[PDB]
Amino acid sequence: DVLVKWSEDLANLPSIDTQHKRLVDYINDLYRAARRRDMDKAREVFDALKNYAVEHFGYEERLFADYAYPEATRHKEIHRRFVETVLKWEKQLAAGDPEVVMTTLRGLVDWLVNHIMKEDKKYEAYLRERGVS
């Protein structure tokens, strides 16, 4: 059905969950397109994923600034570094085929799931206390 199922340990603030769920959905759409050997669709999905990640990082960072999250600086750098990675992957998909998409999923899933589980989880308690959700 899907490559990445939504497990309960990924849970965070309600609003944050709506965006993280979108990212996971994009990953699954990307996998399905690659599995179908539909490269045109794969590139379109990756494009949407790319755009959404950039927007999502902005959303989190806005909250960090608004409520003075202590680890905002380190977290922002982590986001920026991933955007660089995504832009590199974009070029590889532009020149490659579905096999390249699958290979890319290895690093894409590893980074996203780990980021949500480790780095993003660190701001939940802090933000909740400040009236965020």
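The term rigid core refers to the maximal set of C-alpha atoms that superpose within 1.5 Å between the two forms. For every residue, the number given is its place in the sequence shown, counted from 1.
- The stretch that strays farther, by root mean square C-alpha distance over structures and residues in 4 other deposited structures of this protein after a rigid core fit, is 93-101, when 93-101 is set against 28-36.
- Larger average C-alpha displacement in 4 other deposited structures of this protein, relative to the shown form after a rigid core fit, is seen for 103-111 when comparing 103-111 with 52-60.
- Per-stretch averaging of Cα B factors for 121-129 and 106-114 places 121-129 on top.
- Mean CA temperature factor is higher for 8-16 when stretches 21-29 and 8-16 are set side by side in the entry.
- Out of 81, 56, 75, 62, it is 62 whose C-alpha atom has the highest B-factor in the PDB entry.
- Per the deposited coordinates, the residue with the largest Cα temperature factor out of 101, 49, 86, 94 is 94.
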